[PDB]
Amino acid sequence: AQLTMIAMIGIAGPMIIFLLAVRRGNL
Amino acid sequence: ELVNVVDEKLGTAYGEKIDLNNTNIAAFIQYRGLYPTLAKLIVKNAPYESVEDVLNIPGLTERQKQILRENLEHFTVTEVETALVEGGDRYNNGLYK
Amino acid sequence: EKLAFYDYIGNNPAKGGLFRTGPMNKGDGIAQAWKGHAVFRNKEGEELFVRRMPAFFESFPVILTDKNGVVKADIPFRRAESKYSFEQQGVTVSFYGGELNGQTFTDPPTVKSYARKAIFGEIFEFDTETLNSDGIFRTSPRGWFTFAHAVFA
Amino acid sequence: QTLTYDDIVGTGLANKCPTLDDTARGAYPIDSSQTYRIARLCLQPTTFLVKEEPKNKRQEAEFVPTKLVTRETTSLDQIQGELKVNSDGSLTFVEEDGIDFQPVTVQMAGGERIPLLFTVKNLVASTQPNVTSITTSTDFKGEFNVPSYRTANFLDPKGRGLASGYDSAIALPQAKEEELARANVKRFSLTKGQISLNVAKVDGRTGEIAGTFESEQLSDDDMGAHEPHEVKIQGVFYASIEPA
Amino acid sequence: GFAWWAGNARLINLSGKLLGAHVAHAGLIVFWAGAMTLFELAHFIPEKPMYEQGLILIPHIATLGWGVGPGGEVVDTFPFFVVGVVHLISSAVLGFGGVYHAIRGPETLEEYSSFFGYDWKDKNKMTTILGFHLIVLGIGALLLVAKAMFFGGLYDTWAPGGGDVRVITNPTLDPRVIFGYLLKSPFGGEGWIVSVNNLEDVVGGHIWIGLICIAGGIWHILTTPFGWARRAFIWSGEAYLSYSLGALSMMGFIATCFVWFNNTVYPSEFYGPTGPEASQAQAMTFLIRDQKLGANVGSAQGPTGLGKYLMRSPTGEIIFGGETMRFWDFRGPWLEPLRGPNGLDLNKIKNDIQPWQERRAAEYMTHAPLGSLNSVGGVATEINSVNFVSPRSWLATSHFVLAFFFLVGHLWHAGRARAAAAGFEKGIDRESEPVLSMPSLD
Amino acid sequence: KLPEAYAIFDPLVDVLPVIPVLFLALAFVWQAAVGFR
Amino acid sequence: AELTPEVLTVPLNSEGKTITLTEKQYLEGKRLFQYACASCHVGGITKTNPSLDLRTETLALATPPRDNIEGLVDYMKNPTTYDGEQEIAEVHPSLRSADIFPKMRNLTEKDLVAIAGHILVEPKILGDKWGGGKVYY
Amino acid sequence: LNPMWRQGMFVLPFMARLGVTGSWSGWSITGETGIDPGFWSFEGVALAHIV
Amino acid sequence: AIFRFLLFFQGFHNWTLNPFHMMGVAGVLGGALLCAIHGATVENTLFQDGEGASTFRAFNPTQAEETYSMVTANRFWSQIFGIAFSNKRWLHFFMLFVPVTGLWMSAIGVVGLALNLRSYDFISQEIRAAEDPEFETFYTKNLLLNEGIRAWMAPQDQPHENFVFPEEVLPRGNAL
Amino acid sequence: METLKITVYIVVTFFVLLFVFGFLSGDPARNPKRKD
Ligand code: CLA
Ligand code: CLA
Ligand code: CLA
Ligand code: CLA
Ligand code: CLA
Ligand code: HEC
Ligand SMILES: CC1=C(/C=C/C(C)=C/C=C/C(C)=C/C=C/C=C(C)/C=C/C=C(C)/C=C/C2=C(C)CCCC2(C)C)C(C)(C)CCC1
Ligand SMILES: CC1=C(/C=C/C(C)=C/C=C/C(C)=C/C=C/C=C(C)/C=C/C=C(C)/C=C/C2=C(C)CCCC2(C)C)C(C)(C)CCC1
Ligand SMILES: CC1=C(/C=C/C(C)=C/C=C/C(C)=C/C=C/C=C(C)/C=C/C=C(C)/C=C/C2=C(C)CCCC2(C)C)C(C)(C)CCC1
Ligand SMILES: [Fe+2]
């Protein structure tokens, strides 16, 4: 759906923050 | 002595029929075949002394005279009223919807 | 006449204004006599009824109805497409009781003139010269008392 | 050379009638076995004179000068009509159509605004007999109609009007109406005016003429609310004649 | 010492991270232009006028002469696709450089290279950066010239035959015309640069602007500010930002009026009629209708005494009557055939109105730029039915709003830049309160 | 409409222009993660 | 109240034969009327010529009567003035003039029937509001 | 029949006495219409005294 | 529905002409003015009590000292506007006084409107306008608007009255 | 009227030049703290 794409796209942003926070990145 | 001439006109045949000398051109839409073509000629060739005069409009086809003949009973003529025909008001009297 | 005078909107206390000062007589005048009860009929002899002015309205159109509430005559604003004019409908007025008892009027501007007054209820003759009345409704002592005491409260 | 819109716009030249060179002292001959029309009549007022009221008896006031306050909106132009040759050789111009009216308001001394419908509507103007040629001494004299300055739909500031509006002073519900009848009942006036046109220039080649005019007519009466004033209008004119 | 909500101010003295901020932000601008174009194209239907479809970027490309033929009919949508894809692709490159310089790159440029590093206080370096960008801008103005003269031309709503794409072979160079515009009054009937009404003047202005920017760019690379300029300005990063904010604000106000009044570089074929245009077309429409019925529209006196259809302007020109008397300065290609030297020509009006002019008037009158926020077309009392708000209203309102806030942003940063350069932007020193060492007022 | 060959990506294109808005919102998730320092 | 077959029944021709539209046809005709007609004919008036409206009694008195599906479908192909004397395809959208009125190009014969049907149905639902103007808003 | 002294005018005659005779609205006390007095009209004199 | 109530009061009570409403308006707009100008003044006469660029952190709710200079604020406004506050207690009382008093005044006018005791007309204007059809003011123009409001909304807004106004009785200007 | 026009052109030009030269006359330096 259109809502499938915008869900995947929308998930990307916060996923970056999470990966960096769970790995103690330079946040 | 101070009388509204438009209100007075509503007390004559003008208030019940299409007055060939006075009525705005939009009223010819009430009967079929009259608008816009015959309405245009009728208004351009006013005034008329008798309702029957409109049959003598130069240029009428026989079908147009037939339409007029059939609608003569919905026509009337009263004296021209300056207030109703000045301002080009028979073509556009400021009334839309 | 006393009962008819109660049936007249000029004595309604909710028809005044804050800065319209003085007695009610200063507005519509000193009432002199009941003119009689106006009965309106169209050209078909149907009795018509003037729609009365509600207290909310500073001004109100003149609309005449039959016993069933159907509009049968009015005073039109735009004349060009009027269907219900007094002229077209042959509206007349007849008076019973009071000063004009048994008189009938047929000339449209006179008939309209009484129709304009009938929206106020029963029709009265007023003396407007003695107090130089201005023709604009004022409220009664019932109105002024209520206003002052609700504001003080 | 010819001027375009973009040369004229905003200059005031659009309100001016075409002029003829001071050499144009020719004569335009009139063939009676021929019909003629005025292809364009242009009238440009230069002076508005209003007659005063002397209040008293047989003194009769004069025409006083006035100031125009409505700007360069005054000229009649694009007027056309038949130019007829009569049995006696007089010519008669019959106005057919054109921009033949302009509302104008001028101010008299003291501040009174006088509005008027400057017009030549339905103008019929004739010459003297035996013209045979239009020359720098030909005069046209005629009369025209002056309809009401406002037409039937116009509503006064309390909503009263002739073909529309209230028929009473609704803000004074119980005032006696007889004092108000002149303001409550609108009427539509239709009066006559008079105009002289004096041909002072003639281009015999092209059929253009130019000259001077004086007209007299009534000002606005505000649909019967007040008495009109008499107005005298002077200006210049231009006209072009064609074989019809 | 800045809080999180002023966190981008921490970037003031970190030239490397600020570069990434800027380049990343530039990627965002390019992304929207690419994404919006494709979105518009995906929704585009060629049989509907563009202004019935909420399009603002496709009209900009069509105006450059791509995709359209005579009358503004869209002939080929592929150029639209190309413009969108190429912008879209390019944003990934800008994004890439942007986050590299912001996260991984050198925090400050001045140690890595003396060419790219800068101090805000270095007046010589600042004018050189300025100079480089002036040359870029000058080149950009010349690309528009190149498109108009050497690469197919531009759409020309004034072209004879209903508008068409036209190559510009004689751009206006006369500086009395070009700079003449800059000195016209901004009031009605004049309209400053917004009155530019032909592509020759448009193309010629960009030749002039291109050269002036390149010349000024070389000027500022080669010079340093003169002392009168040194003593007049505040020399700091926030001062510079404040100056640009004011310039952008002024520019937004101009663009607002441009899209609202100009029907040359915003052709009404693509953007819909202007407000003046649509109001003139209503008077035209009923002129035409009534005249067909037998009315003599020249001699018709209206209720006020003025002409019902035709009257004079304050300077005598014959114009349309009614409330549209205010819009007589309007000029448009469907109307100009009816003008003579004195304004509208009664003989042309009686005899020479064409069907395509009747159509275009009726179309423009029924697409006047009035509509509700939820896109119900027409006056505020209209019922639901027509889904329509003019692109001109959308473009005018959005850019008035943006221009206003940027003026506020100018005031904010200009005042702070002044106060920070004088050293009291954080408050008054209790031990050295200036007012306490002044004499009393009374 | 998009050219035929790309019609598969039509629903993706209907969504793309919103993406810059997500960068502003993403800035506040980032600040939420580090506690608005 | 609901959309019943009775309200969805409209005259097909002058002879008095009738046709019953589906609800689907009605909603489609409404959408197409908005797409191609409403900019001038919203609510059954005519913005560029208010003297002529889409009321049934008005269409009945047109020459060719237009108060039936056939008369309306014909009008959309070859519109004439109210008295039938002049063809007006050049200033009124129609199939005959779809080159200059591009929204008419992609309309099929069944679309014309749906547009015609909506125009005949709507006064049955809205009464005086259809074609009445702002007075009845 | 209605000169200033019939109208209770008191300072008007002192302006008229020394030469101020017209008003910016175009009338003069001598009865002549269409006159321009320039600044020193009755209005200008009044204004001058206020300033 | 409250928007409807606003427009009803214009059309039927001419409420904008009421001096008790006007005093209410001055109290609400005067309140909002006072709110903005006092907040801005404090924030722009702050003392430097910390080193950060965020000045909020340099305040402590138990500190004895004023956090901004009344003296500099007073001189600014005296030279900009001519007058200024000099008394902090009076200033904050006045901030109480203005919007409270404004709202009390509008309440009094609505008590009057409970009885239709409106400030609807000016009698002198109506007398002149009735007799002189060339006399027009913004006062008479607004009453024409009220009259339109009444006739056009009353049937649908007061459905229990069963008002039937035929098209011919509706007040309308030309064309519209 | 032209006398009026010229007079106003002159008066407006004067006040504008005061404004411009006034701010060009070392205005950053006219403050109570650091004048440079
Ligand atoms: C409860 C008190 C009360 C009431 C209800 C009345 C009622 C009446 N009186 Mg009587 N009267 C009273 C007290 C009262 N009076 C007193 C105390 C006096 C002596 C002054 C009089 C003297 C008097 C005379 C001499 C006359 C009347 C007359 C009348 C009648 C007409 C009233 C009128 O035009 O109002 C007009 C009222 C107003 C225009 C309202 C004014 C109120 C203003 C607008 C309020 C000001 C608000 C203020 C500024 C708020 C700002 C505060 C802010 C700073 C915080 C009416 C029956 C008249 C009559 O018909 O007699 C036969 C008459 O001639 N009265
Ligand atoms: C080119 C434009 C530009 C640039 C580069 C800057 C740069 C800067 N500004 Mg300035 N500013 C600008 C325009 C600009 N401003 C404009 C136009 C205004 C007026 C509105 C301001 C008003 C302003 C103030 C009041 C302040 C700054 C400050 C600052 C600094 C820190 C800002 C920060 O971290 O924001 C952090 C960003 C945010 C907190 C996000 C704000 C969110 C906005 C307001 C709402 C967005 C709504 C949007 C339209 C729709 C949202 C849809 C929804 C679905 C999300 C920085 C140096 C600060 C300063 O002085 O530093 C020295 C400061 O206090 N600016
Ligand atoms: C256009 C908007 C914009 C841009 C470009 C920037 C850019 C920047 N900010 Mg600002 N900021 C913004 C809006 C913006 N900000 C707003 C709205 C706020 C209010 C919340 C702030 C508040 C703020 C604070 C409080 C601070 C900054 C700081 C910074 C800088 C360092 C950030 C950092 O270390 O991230 C580290 C974060 C991460 C590593 C998490 C992931 C971030 C990546 C970039 C997300 C990319 C996602 C994207 C889909 C990737 C596409 C890749 C593709 C190209 C292949 C950087 C230059 C900091 C600074 O100045 O440092 C001294 C700082 O302290 N900003
Ligand atoms: C205005 C934007 C801008 C600016 C000022 C800089 C400046 C800098 N970058 Mg950055 N960068 C940018 C954009 C920018 N970059 C972009 C868009 C990308 C993504 C491709 C990068 C990716 C990037 C990387 C990966 C690195 C740098 C590095 C550097 C530094 C050294 C560069 C060097 O030696 O020159 C090299 C010069 C050239 C290669 C000349 C080629 C000219 C280019 C390619 C074409 C001209 C562009 C044209 C005018 C416009 C674009 C066309 C388009 C419109 C179609 C320098 C401080 C380096 C650094 O900091 O190391 C510590 C480094 O490693 N940059
Ligand atoms: C982005 C564009 C830009 C920017 C920011 C600058 C910035 C600067 N320039 Mg450069 N300049 C540029 C483009 C630019 N320039 C171009 C393209 C050229 C070539 C024409 C020049 C030629 C140039 C010269 C010859 C000089 C500068 C100088 C300067 C400095 C002083 C500026 C100043 O006081 O102006 C403030 C403006 C004034 C004091 C006068 C205002 C006059 C305008 C026209 C008034 C009009 C205002 C009105 C409201 C708007 C209508 C416009 C009207 C013409 C119709 C400053 C660093 C000076 C310097 O130090 O250089 C070393 C200097 O002498 N510049
Ligand atoms: C403005 C550009 C219009 C659009 C879009 C549509 N119509 Fe129209 N219509 C318009 C005018 C100016 C007129 C009067 C034409 C004349 O001179 O007679 C009409 C008329 C009609 C009629 C006749 C109504 C009658 O009472 O006889 C019909 C049935 C009609 N129009 C239908 C119609 C349809 C179905 C449209 C969308 C396909 C449509 N019109 C669009 C102006 C405009
Ligand atoms: C083009 C393209 C692409 C790209 C994309 C991108 C670029 C993306 C991005 C993305 C992003 C960029 C995202 C982001 C997102 C985010 C979000 C999702 C956010 C959220 C938020 C929130 C929700 C918030 C909340 C909060 C907080 C946190 C705090 C405060 C409060 C609040 C509540 C506000 C791809 C690859 C697909 C491919 C295809 C095409
Ligand atoms: C720094 C920072 C920031 C910012 C960031 C930014 C702003 C960035 C940007 C980025 C970017 C700016 C990105 C971009 C990207 C893009 C891309 C990735 C693209 C892709 C593309 C594609 C892949 C396409 C495809 C296609 C085609 C080709 C065709 C058509 C179809 C389609 C569309 C599918 C923030 C705030 C967050 C935080 C802090 C830090
Ligand atoms: C392209 C084009 C064109 C052209 C254009 C041009 C040529 C332009 C120019 C422009 C210009 C040429 C501009 C200029 C501007 C300027 C300005 C805007 C200024 C500014 C100023 C200021 C800001 C200042 C300030 C100050 C002062 C006053 C004092 C001291 C201090 C200071 C310095 C701060 C045309 C139109 C033809 C057409 C179309 C296109
Ligand atoms: Fe406080």
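Only this structure's heavy atoms are used, side chains among them; waters, hydrogens and symmetry mates stay out. Here is how names work: the chains are called A, B, and so on, in the same order as the sequence lines, proteins then strands, and each is numbered from 1.
Both the backbone and the side chain of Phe77(C) come within less than 4.5 Å of a heavy atom of chain D. In this structure, chain C has no heavy atom under 4.5 Å from any part of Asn153(D). With a 4.5 angstrom heavy-atom cutoff, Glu81(C) does not touch chain D via any of its atoms. Of the atoms belonging to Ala171(D), it is backbone heavy atoms, and not side-chain ones, that fall under 4.5 Å from chain C. Residue contact with chain D, scored on non-hydrogen atoms closer than 4.5 Å, involves the backbone and the side chain of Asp28(C) alike. Within the 4.5 angstrom heavy-atom criterion, no atom of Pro109(C) approaches chain D. Contact annotation for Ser133(C): neither backbone nor side-chain heavy atoms come within less than 4.5 Å of a heavy atom of chain D. Contacts between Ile75(C) and chain D at a heavy-atom distance below 4.5 Å involve the side chain alone, from C-beta outward. Only the side chain of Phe120(C) comes within less than 4.5 Å of a heavy atom in chain D; its backbone stays farther off.
Counting only distance, with no hydrogens or angles, the side chain of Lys117(C) and the backbone of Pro173(D) share a donor-acceptor pair below 3.5 Å.
Ranked by heavy-atom pairs under 4.5 Å with chain C, the first of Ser164(D), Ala175(D), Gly165(D), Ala163(D) is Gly165(D).
Residues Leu172(D) and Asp134(C) come closest through the heavy atom pair CD2-O, 3.9 Å. Summarising the geometry of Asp167(D) relative to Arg79(C), their closest heavy-atom pair is CB-NH2, 4.2 Å, with the distance given to 0.1 Å.
With a 6.0 Å radius and a threshold of 12 heavy atoms from other residues, nucleotides or ligands, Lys67(D) has its NZ atom at or below the threshold. More than 12 non-hydrogen atoms from other residues, nucleotides or ligands lie less than 6.0 angstrom from NZ of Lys43(C). Counting non-hydrogen atoms of other residues, nucleotides and ligands closer than 6.0 Å to OH of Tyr166(D) gives a total above 12. Residue-environment remark: CD (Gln194(D)) stays at or below the threshold of 12 foreign heavy atoms within 6.0 Å. Taking a 6.0 Å sphere around CD of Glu96(D), one finds it holds more than 12 heavy atoms contributed by other residues, nucleotides or ligands. Remark: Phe145(C) CZ is loosely packed, at most 12 non-hydrogen atoms of other residues, nucleotides or ligands lying under 6.0 Å away.
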